[PDB]
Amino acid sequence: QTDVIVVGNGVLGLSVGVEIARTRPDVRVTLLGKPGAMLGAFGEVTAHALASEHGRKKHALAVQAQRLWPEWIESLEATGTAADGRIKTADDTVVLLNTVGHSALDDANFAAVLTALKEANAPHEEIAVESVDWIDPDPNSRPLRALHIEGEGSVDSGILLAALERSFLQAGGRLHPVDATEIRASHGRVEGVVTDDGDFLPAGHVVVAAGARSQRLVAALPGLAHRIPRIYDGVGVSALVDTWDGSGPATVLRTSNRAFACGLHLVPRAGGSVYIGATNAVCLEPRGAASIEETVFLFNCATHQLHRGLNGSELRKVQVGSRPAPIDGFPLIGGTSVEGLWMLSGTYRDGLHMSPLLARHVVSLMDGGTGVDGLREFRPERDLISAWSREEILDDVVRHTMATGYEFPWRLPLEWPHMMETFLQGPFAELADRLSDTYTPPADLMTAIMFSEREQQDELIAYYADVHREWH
């Protein structure tokens, strides 16, 4: 066929579905799948990310994606009316710097954000904390510096999904509400997709955007098991709160990224609601429910660091979702060794933000183009990337471990932190050396592996050895 099947009905699948449907009105595009958010670019900057070449490449793509959002939103709202609600919930972001965290993360990351803004010539301003709208922190948890980032905003993800579905149907797209079980290929070319109702759908192009299940789906094809990097579940907890007085901030309020890619932010919503997020934990098997620990940490941070009024506010919903966490720390975007087989996944914290750029990239590739410059390193069929030295990762994992203390925030005898830093180094060095002679997992995954069962560690040692064998 010249038929296109999109596997996955999140922001990535629907965004690629909309772009394909709008760009090839002559072809049938079918999308599979059943029934905050920050547009994070500069707010996502860390010293550690920008210290690596792969990190600077990923950041450049986030900055490119940000430029597409205003026209993208206009093109999606154009297919609806006033009563559909607004996709955009804020235009600007304030980054707050407080002392409820590690200096080695929060101080370094604040300086890195300021530098990245200046280098990109982005509009921004360091502002007086007193000039920050709405916030009412605990004085012992208050910010002493604040950074206004202009044109870095937030969307209502529910209104975005509704606008994407409406836009998909308007462009002639077909929704088939079943899951893909299997991609069929032979003679190095896609034939189509078997669905979980036993049916077969033919296609000339299959775009896999099935979140954390994307690699498991492609890895079943010959040789691909050790050629497509594994994706794990980055379980994230957020909450919808009805504010005591129905108020909200005019901007996103956030810290820089914190221990193990968690962070604190408040995204405005319409109708007296605020979104608060967000925890992150890489889990070696999926989990569908928030832990007690995750809910307490999120609520405690927001009530102390953002607004004490949230303490008396009504909890409407605890939300849980899986960030696709790629084992080498970078997304899987583009073509494979199988003609017509494409992947858009492993986007972790910022697949939603990158969605309009990733959609256009894959559509360009499908049309014989080269899409967006600088995505080549993030091709889905690859040896695991080694974006950092083992030494860099070992420094990072110990700093992030210590940051879980300072972010609590703990109160300990003053000799205890130095004692724990000293005694953490050995076990993480030993683990890294045992896992592989060539591959080192990023800190977020290394902590999950450190505290997993021996059987799960041994399975990863085997995985890493099978990848080495395949690519060397």
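Only the largest set of C-alpha atoms that superpose within 1.5 Å between the two forms is called the rigid core. A residue's number is simply how far along the shown sequence it sits, counting from 1.
K.L.:
After a core fit, does 98 to 106 or 197 to 205 show the bigger CA gap to the shown form in 4 other deposited structures of this protein?
P.N.:
Higher average C-alpha offset in 4 other deposited structures of this protein goes to 197 to 205.
K.L.:
Between 306 to 314 and 184 to 192, pick out the one whose C-alpha positions differ more from the shown form in 4 other deposited structures of this protein, using the rigid core for superposition.
P.N.:
It is 184 to 192 whose C-alphas lie farther from the shown form in 4 other deposited structures of this protein.
K.L.:
Does the entry skip any residues of the deposited sequence between residue 35 and residue 36, and if so, is it 1 to 3, 4 to 9, or 10 or more, or none at all?
P.N.:
Per the record, 10 or more deposited residues are absent between residue 35 and residue 36.
K.L.:
Taking the mean of the C-alpha B-factors per stretch from the entry, tell me the winner out of 240 to 248 and 345 to 353.
P.N.:
It is 345 to 353 that shows the higher mean C-alpha B-factor.
K.L.:
Quick check: 401 to 409 versus 439 to 447, which has the larger average CA B-factor in the record?
P.N.:
That would be 439 to 447.
K.L.:
Just the C-alpha B-factor column, please: which of 288, 139, 268, 331 has the biggest number?
P.N.:
Across 288, 139, 268, 331, the entry lists the biggest C-alpha B-factor for 288.
K.L.:
Between 276, 100, 180, 122, which carries the biggest CA temperature factor in the record?
P.N.:
In this record, 180 carries the highest C-alpha B-factor of the candidates.
K.L.:
Considering every modelled residue of the chain and its Cα B-factor in the PDB entry, is residue 44 in the lowest, middle or highest third?
P.N.:
Ranked within chain, residue 44 CA B lands in the lowest tercile.
K.L.:
Consider only the C-alpha atoms of the modelled residues in this chain, order them by B-factor as the entry records it, and name the third containing residue 167: lowest, middle or highest.
P.N.:
It belongs to the middle third of the chain when residues are ordered by C-alpha B-factor.
K.L.:
Just say lowest, middle or highest third for the CA B-factor of residue 431 relative to the other modelled residues in its chain.
P.N.:
For residue 431, whose C-alpha B-factor we compare with every modelled residue in the chain, the answer is the middle third.
K.L.:
Ranked by Cα temperature factor within the chain, is residue 336 in the lowest third, the middle third or the highest third?
P.N.:
Highest third.
K.L.:
Per the entry's values, where does residue 59 land by CA temperature factor relative to the rest of its chain, in the lowest, middle or highest third?
P.N.:
Lowest third.
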